[PDB]
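Structure first, commentary second.
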Amino acid sequence: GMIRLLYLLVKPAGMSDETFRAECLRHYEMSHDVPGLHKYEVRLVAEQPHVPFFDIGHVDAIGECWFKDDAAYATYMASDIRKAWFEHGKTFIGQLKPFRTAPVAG
Amino acid sequence: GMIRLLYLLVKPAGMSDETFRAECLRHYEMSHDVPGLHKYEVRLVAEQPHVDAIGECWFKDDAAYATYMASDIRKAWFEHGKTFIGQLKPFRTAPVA
Ligand SMILES: [Cl-]
């Protein structure tokens with residue numbers, strides 16, 4: 001019954017691919033201290049290669065957040081540590097708004 | 001060293017959410033029998049910031065991916081995919097470390 005949020009990340013203007021990757025790594029390390037957050041993952045898009053193609057913009061990385069329940073999410077939203085982590089994501093890894101996903105079973 | 005492919009999925013024109021979710025579930029059930037594929041996951045997009053679902057494939061290594069690509073069973077799985085995926089955006093991901 002996990003809550004899951006997925007972010008499509010675009011590299012901020014003015015930084016190299018190397019800096020971006022390092023900012024993503026740091027963002028991952030910082031996630032371990034964020035209250036309410038069960039798990040975080042960030043991966044680079046390495047490639048963007050028989051069913052019609054779907055045109056969306058260029059994406060550089062993907063971030064995903066897991067929350068155990070609504071209570072955890074509330075703690076996460078009220079947390080100053082979470083807030084500082086968002087500022088880092090926003091400014092340095094291009095975090096905008098996430099897709100909220102749901103399981104396909106019942 | 002696991003290979004991971006992510007897919008943004010859009011449902012076919014005119015298909016109901018009901019049928020799309022059911023076909024995603026069928027697709028997930030079929031995934032357990034596909035050679036070379038270690039794990040598959042498909043989730044619906046409940047809220048966006050239009051993508052209807054996100055799919056993800058895991059392969060243990062290049063050889064597993066080679067096995068998968070050469071499989072007739074995988075080809076049949078893909079034919080099923082054509083039943084409920086109108087458009088698709090694939091991505092190969094990598095770790096940031
Ligand atoms: Cl806090």
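In what follows, every chain begins at residue 1, and chains take the letters A, B, ... in the order their sequences are listed.
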Exercise. Where is the tightest heavy-atom contact between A105(A) and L25(B), given as atom of each residue plus distance?
Worked result: CB-CD1, 4.4 Å

Problem set entry | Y73(A)-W66(A) co-clustered via ILVMFWY side chain contacts under 4.5 Å | no

Problem set entry | side chain to side chain contact (heavy atoms under 4.5 Å, CB included) between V51(B) and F54(A), worked out | CA-CA 9 Å; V51(B) 170; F54(A) 174 49; 3.6 Å; yes

Exercise. Are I3(A) and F99(A) joined in one hydrophobic group, where the rule is that I, L, V, M, F, W and Y side chains link up if heavy atoms are under 4.5 Å apart?
Worked result: no

Exercise. Out of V10(B), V42(B), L44(B), which one racks up the most heavy-atom pairs below 4.5 Å with chain A?
Worked result: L44(B)

Problem set entry | Test side chain to side chain contact (heavy atoms under 4.5 Å, CB included) applied to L88(B) and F53(A), step by step | CA-CA 5 Å; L88(B) 178 51; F53(A) 196 81; over 6 Å; no

Exercise. Quick check: are there more than 12 heavy atoms from other residues, nucleotides or ligands sitting under 6.0 Å from NZ of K75(B)?
Worked result: yes

For this session: Using the rule that two of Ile, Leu, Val, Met, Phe, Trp, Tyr join whenever any of their side-chain heavy atoms come within less than 4.5 Å, decide whether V34(A) and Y7(A) are in one cluster.
Result: yes

Exercise. Is there a path of hydrophobic side-chain contacts, each under 4.5 Å between heavy atoms of I, L, V, M, F, W or Y residues, that connects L9(A) with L37(A)?
Worked result: yes

Exercise. Got a salt bridge between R43(B) and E64(A), using NZ or NE/NH1/NH2 to carboxylate O under 4.0 Å?
Worked result: no

Seminar exercise, completed: The reported gap from CG in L8(A) to CG in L6(B) (rounded to nearest 0.5 angstrom) is 8.5 Å

Problem set entry | Atom pair CD1/NE2 of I56(A) and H50(B) - distance to nearest 0.5 Å | 13.5 Å

Exercise. Hey, what do you get for OG1 (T93(B)) to CD (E41(A)), rounding to the nearest 0.5 Å?
Worked result: 7.5 Å

For this session: Please flag which part of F20(B) lies under 4.5 Å from any non-hydrogen atom of chain A: side chain, backbone, both or neither.
Result: neither

Exercise. Any chance OH of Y28(B) has more than 12 other-residue heavy atoms, nucleotides or ligands included, within less than 6.0 Å?
Worked result: no

Problem set entry | Side chain, backbone, both or neither of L5(B) within contact of chain A (heavy atoms, under 4.5 Å) | neither

Seminar exercise, completed: Counting heavy-atom pairs under 4.5 Å with chain B, the top scorer among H50(A), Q48(A), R21(A) is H50(A)

Exercise. Is the shortest side-chain N to carboxylate O distance from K97(A) to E47(B) below 4.0 Å?
Worked result: no

Problem set entry | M15(B) reachable from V45(B) in the ILVMFWY side-chain graph, under 4.5 Å edges | no

Problem set entry | Region of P98(A) that comes under 4.5 Å of a non-hydrogen atom in chain B | backbone

